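**Student:** If you read the sequences in order, they're chains A, B, C, D and E.
Its first residue numbered 516, the first sequence is counted upward by one per residue in PDB author numbering.
Its first residue numbered 1, the second sequence is counted upward by one per residue in PDB author numbering.
Its first residue numbered 2, the third sequence is counted upward by one per residue in PDB author numbering.
Its first residue numbered 917, the fourth sequence is counted upward by one per residue in PDB author numbering.
Its first residue numbered 1317, the fifth sequence is counted upward by one per residue in PDB author numbering.
C-beta: ideal position from N, C-alpha, C; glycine also.
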Amino acid sequence: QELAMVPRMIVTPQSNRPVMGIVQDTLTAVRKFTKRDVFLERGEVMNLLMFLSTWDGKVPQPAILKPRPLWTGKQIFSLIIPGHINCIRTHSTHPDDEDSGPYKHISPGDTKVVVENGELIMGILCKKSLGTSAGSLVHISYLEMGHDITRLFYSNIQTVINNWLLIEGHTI
Amino acid sequence: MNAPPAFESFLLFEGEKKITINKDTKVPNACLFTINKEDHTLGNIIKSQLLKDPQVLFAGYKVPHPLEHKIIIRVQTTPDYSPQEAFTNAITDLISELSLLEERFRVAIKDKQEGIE
Amino acid sequence: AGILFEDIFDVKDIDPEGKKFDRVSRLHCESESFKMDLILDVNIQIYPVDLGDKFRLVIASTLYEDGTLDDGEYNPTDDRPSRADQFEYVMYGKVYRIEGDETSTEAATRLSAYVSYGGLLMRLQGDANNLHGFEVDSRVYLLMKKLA
Amino acid sequence: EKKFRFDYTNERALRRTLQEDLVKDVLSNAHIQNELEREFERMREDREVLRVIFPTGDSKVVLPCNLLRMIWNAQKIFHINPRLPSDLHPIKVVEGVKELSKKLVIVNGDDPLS
Amino acid sequence: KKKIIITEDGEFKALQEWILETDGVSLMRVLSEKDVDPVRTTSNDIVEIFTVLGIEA
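(1) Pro-533 (chain A) and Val-653 (chain A) look like a contact to me (Cβ under 8 Å); what is the Cβ gap, rounded to whole Å?
(2) With a CB to CB cut of under 6 Å and the five nearest residues on each side skipped, what residues in its chain are close to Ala-30 (chain B)?
(3) Between the Cα of residue 479 (chain A) and those of A:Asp-611, A:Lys-581, A:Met-535 and A:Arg-546, spot the shortest distance and give me the residue it belongs to.
(4) Going along the stretch 552-575 of chain A in order, which residues come within less than 9 Å of chain B, judged by CB to CB distance?
(5) Can you give me the start and stop residues for the beta strand (DSSP E) that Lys-55 (chain C) sits inside?
(6) Would you mind reading off the limits of the alpha helix (DSSP H) that contains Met-561 (chain A)?
(7) Using the Cα positions of residue 498 (chain A) and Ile-596 (chain A), report the straight-line distance between them to the nearest angstrom.
(8) If I'm right that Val-939 (chain D) touches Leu-952 (chain D) with Cβ under 8 Å, what's the distance once you round it to whole angstroms?
(9) Specify whether the stretch 62-73 of chain C and the stretch 133-146 of chain C touch according to this definition: at least 3 beta carbon pairs, one from each stretch, less than 8 Å apart.
(10) Hey, would you say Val-526 (chain A) sits closer than 7 Å to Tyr-657 (chain A), going by beta carbons?
(11) So, is the C-beta of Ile-1320 (chain E) closer than 7 Å to a C-beta in chain D?
(12) Put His-40 (chain B) into one of helix, strand or coil per three-state DSSP.
(13) Are at least three pairs of beta-carbons, each pair with one atom in the stretch 120-131 of chain C and one in the stretch 578-595 of chain A, less than 8 Å apart?
(14) Measuring straight from C-alpha to C-alpha, what distance separates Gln-84 (chain B) and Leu-567 (chain A)?
(15) What is the rounded straight-line gap between the Cα of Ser-1030 (chain D) and the Cα of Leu-1020 (chain D)?
(16) Under a CB-based cut-off of 7 Å, is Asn-678 (chain A) close to chain D?
(17) Pick out whichever of C:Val-43, C:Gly-53 and C:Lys-21 has its Cα sitting closest to the Cα of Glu-31 (chain C).
(18) Out of A:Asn-601, A:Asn-632, A:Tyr-618 and A:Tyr-669, which one is the CA nearest neighbour of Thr-647 (chain A)?
(19) Just the C-alpha distance for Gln-516 (chain A) and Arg-932 (chain D), rounded to the nearest angstrom, thanks.
(20) Nearer than 6 Å: is that true of the beta carbon of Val-1023 (chain D) relative to any heavy atom of the ligand ADP?
(21) Does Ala-3 (chain B) pass the burial test, meaning 16 or more other C-beta atoms within 10 Å, or should it be called exposed?
(22) What would DSSP say about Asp-11 (chain C), mapped onto helix, strand or coil?
(23) Could you round the C-beta distance between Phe-135 (chain C) and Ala-114 (chain C) to whole angstroms and report it? I think they count as a contact, below 8 Å.
(24) Assign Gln-590 (chain A) to buried or exposed, taking buried as 16 or more other Cβ atoms, counted over all protein chains shown, within 10 Å of its Cβ.
(25) With DSSP as the reference, label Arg-985 (chain D) as helix, strand or coil.
(26) Quick check: the stretch 12-24 of chain B against the stretch 604-619 of chain A, are at least 3 beta-carbon pairs closer than 8 Å?
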């Protein structure tokens, strides 16, 4: 119990990086769930919040109060992120000529993930920011918060994203 | 035999009780109902009715495991209302809706005993 | 009254680079009576907007018009304090950075303030005298309505 | 020498960054100006040692606890506004870093060769 | 395989330089020849370095 339980073996001493990341089906949906234009109604937000195991019990104020209340993908994802962590990554389609000109902190393509004080401010999530690489979001959450909160992080991500994917659907 | 019989999905056992109340202690005026031997057919019909009440702040349901038979419903209302009130007022509004639709249907099938045309 | 900024703007362009997303457009607006400029991501399925439109833009720290800070939680039943209902587009975000053009000796003469509305970004450039009440890690509301 | 120097004879940028209580003390104490002059010397020597440890010229190394992230955290646990003058006396930074460097023992001993 | 030098102003600059690669090893003689760098020349066989250079090598 105190030596080899699976939440105690998230980062490996072989290459000092996590070994468990978000996987085959949840990754594709997490990328689409955090696009700039994903708005949810009231019933769907309630249905999604029903699946959070670490929810305090308050409903956040929508991003668009009028003409009618609509929540955003990043606004719901900001409830899954534990504690108050900080991180800066990039999305896999970041044009390298964006840090040169203006719009360095505006990013027309909605790149340059920024997680400030434990809430997603901007950016799309992908394997560079949620998978098993050094400096990822799961790595930082393990380094700062501990080994018993990253477990809840994984579980909440999976359940919430699956129960939205059966509304959004996916195929080939 | 490592497979459950088919009647376990709807037939109640001896010690079980169909409905159970617990009060949520994290926020005021919240409650958490746990219906037993039930599924999405009844779970979803309730939630849609509670949202139509202008005195309900939260309403949702989940089947915690698709291989067990149990649902959970959470409700939160304004401080001058009771979750147990909002729940039972929802049911009596479904029954008043189904029995009405049955009358309007039985009329429509005998509206063409011989035929309108 | 909790208000921080108010002016009338005029759309100049809609998509200078191309339609990246299918429900959000990136307005480029220029001000009047202040000579400032704007960059605003706005939902377009609900609130359509096109070239040459003029709207009034108000950025307020609270809706209750008496002070009476927001508490940050969503309660649809509280219709009592009679908030700002004279607009057609309301949003709720937070300020995430404030830049400037100052050197080691002098002060900023032309600020630049960024805001994030749950994922929809906004920038507002002008002289340092108007971007006064802004500060990082602060909640603000955005209020818009078209003019005829 | 432009980014790691902390010159103290400008009187106006020093007025821009530090408060008025400390800007009169930094300009009017030879002991402080001397102690602020030796940290740069202890830094140049390490700069010259790094150039022989890493001959190729890269900068990606593996080390204990992150420092930039720990500064970013402390900048938000305390609502640091990076717009106003601060109240952090520099000779406090120097001596605090010294004392911290003393309490990081890997090989605990008092005699030489230890 | 470039030649990285530290210029007078203190910047790392890389330079392209001709290198030679053989097929066959007898290093003790190749090191002893003229206009051949005796410092950076090496071989990919380690028993040879053991006999020629030592144990730490």
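**Tutor:** The relevant details are as follows:
(1) Taking the first residue of the first sequence as 1, we reach residue 533 (chain A) at position 18. Taking the first residue of the first sequence as 1, we reach residue 653 (chain A) at position 138. Their Cβ separation, rounded to whole angstroms, is 5 Å, which keeps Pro-533 (chain A) and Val-653 (chain A) in contact under 8 Å.
(2) Along the second sequence, one-based indexing puts residue 30 (chain B) at 30. Excluding residues within five positions, the ones whose Cβ falls inside 6 Å are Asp-24 and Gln-76.
(3) Since the first residue of chain A shown is 516 and the last is 687, residue 479 (chain A) is not available in this structure.
(4) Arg-557, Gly-558, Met-561, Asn-562, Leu-563, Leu-564, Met-565, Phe-566, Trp-570, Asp-571, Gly-572, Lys-573 and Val-574
(5) Locating residue 55 (chain C) in the third sequence gives position 54, where the first residue counts as 1. That run of the beta strand (DSSP E) goes 55-61.
(6) What you label residue 561 (chain A) is simply residue 46 of the first sequence in a count that begins at 1. Here the alpha helix (DSSP H) through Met-561 (chain A) covers 557-564.
(7) Since the first residue shown for chain A is 516 and the last is 687, residue 498 (chain A) is missing from the structure and cannot be characterised.
(8) Here residue 939 (chain D) refers to the residue found at position 23 when the fourth sequence is read from its first residue. Here residue 952 (chain D) refers to the residue found at position 36 when the fourth sequence is read from its first residue. The pair is not a contact, with the Cβ atoms about 14 Å apart (cut-off 8 Å).
(9) yes
(10) Taking the first sequence and counting its residues from 1, the one referred to as residue 526 (chain A) is at position 11. Taking the first sequence and counting its residues from 1, the one referred to as residue 657 (chain A) is at position 142. Cβ distance < 7 Å, so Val-526 (chain A) and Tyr-657 (chain A) count as in contact.
(11) The count along the fifth sequence starts at 1 and reaches residue 1320 (chain E) at position 4. It does: the Cβ of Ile-1320 (chain E) has a partner Cβ on chain D nearer than 7 Å.
(12) Walking along the second sequence from the start, residue 40 (chain B) turns up at place 40. Three-state result, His-40 (chain B): helix.
(13) yes
(14) Residue numbering aside, residue 84 (chain B) sits at position 84 when the second sequence is read from its first letter. Residue numbering aside, residue 567 (chain A) sits at position 52 when the first sequence is read from its first letter. Taking the straight line from one Cα to the other gives about 24 Å.
(15) Taking the first residue of the fourth sequence as 1, we reach residue 1030 (chain D) at position 114. Taking the first residue of the fourth sequence as 1, we reach residue 1020 (chain D) at position 104. Rounded to the nearest angstrom, the two C-alpha atoms are 14 Å apart.
(16) On the first sequence, position 163 is the one that residue 678 (chain A) refers to. Chain D contact via Cβ: absent.
(17) Reading the third sequence from its first residue, position 30 is the one you call residue 31 (chain C). Per the Cα distances, C:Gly-53.
(18) As a first step, residue 647 (chain A) must be located in the first sequence, where it is residue number 132. Out of A:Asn-601, A:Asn-632, A:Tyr-618 and A:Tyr-669, A:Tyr-669 has the C-alpha closest to the C-alpha of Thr-647 (chain A).
(19) Here the question's residue 516 (chain A) lines up with position 1 in the first sequence. Here the question's residue 932 (chain D) lines up with position 16 in the fourth sequence. Their backbone Cα atoms lie some 56 Å apart in a straight line.
(20) Absence of the ligand ADP is noted for the structure shown, with no ligands found whatsoever.
(21) Taking the second sequence and counting its residues from 1, one reaches residue 3 (chain B) at position 3. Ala-3 (chain B) should be labelled exposed.
(22) Counting from one through the third sequence, the residue named residue 11 (chain C) turns up at place 10. Correct three-state label for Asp-11 (chain C): strand.
(23) Working through the third sequence from its first residue, we reach residue 135 (chain C) at position 134. Working through the third sequence from its first residue, we reach residue 114 (chain C) at position 113. 5 Å between Cβ atoms; contact.
(24) Residue numbering aside, residue 590 (chain A) sits at position 75 when the first sequence is read from its first letter. Looking at its Cβ environment, which holds 16 or more other Cβ atoms inside 10 Å, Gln-590 (chain A) is buried.
(25) On the fourth sequence, residue 985 (chain D) is found 69 positions in, with the first residue counted as 1. Correct three-state label for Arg-985 (chain D): helix.
(26) no
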